[PDB]
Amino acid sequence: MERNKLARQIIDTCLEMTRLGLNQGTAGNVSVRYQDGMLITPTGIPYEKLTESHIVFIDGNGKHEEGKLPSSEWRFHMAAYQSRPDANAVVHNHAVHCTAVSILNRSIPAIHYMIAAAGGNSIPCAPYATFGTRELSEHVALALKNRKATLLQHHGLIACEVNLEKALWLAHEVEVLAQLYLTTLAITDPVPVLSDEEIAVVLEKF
């Protein structure tokens, strides 16, 4: 639980995220809770040139280390740490099926029982607001109140969890749910869903 073990996993998550096809168009941002703020990936540097010493600490006041530019999307990683106190790692990306679904501006309903992993009977879509703005943050903060993952209209996904390992696993899971919904949406609308009861038992079980 040293700074650099934390900055290495963040890097490992980038590379691994890219491995899975989650980060295409080198746009993801990864962060973890630390001290009174967080560590996040820097802006600019492509993921393959990232060393532990690129990772930027941002304190709880919004000030970032000297001579380092945090991701341009950092403000909403801060929103999720204050909206979800149990959240300890945060993953963001423009994964394609997620984003297609966010362009349609729809929530993904309970088409498959793994929707439960994000906490309920859906994956919501928060409305559009320019990137890096405080209003973008307000949407995300209210979206993540009862869910661990959220789509972002005309933009992409955010997934939060107790460590990067599970944060990643959820992000990825939601990408699969996303693809499944688009692929069936092209055949029939609406798509058959599982009742709220049924999701209730899966959540009890989970």
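Heads up: residue numbers just count along the shown sequence, starting at 1.
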Going by the entry, of stretches 46 to 54 and 161 to 169 the one with greater average Cα B-factor is 46 to 54
Greater mean Cα temperature factor according to the PDB record, 25 to 33 or 138 to 146: 25 to 33
Of the options 188, 13, 183, 195, which has the highest CA B factor as deposited? 188
Of the residues 179, 153, 41, 61, the one carrying the largest Cα B-factor as recorded: 61
Sorting by Cα B-factor within the chain, modelled residues only, which third would residue 121 end up in: lowest, middle or highest? middle
How does the C-alpha B factor of residue 99 compare with the rest of the chain: lowest, middle or highest third? lowest
Test of reading the entry: by CA B factor among the chain's modelled residues, which third contains residue 82? highest
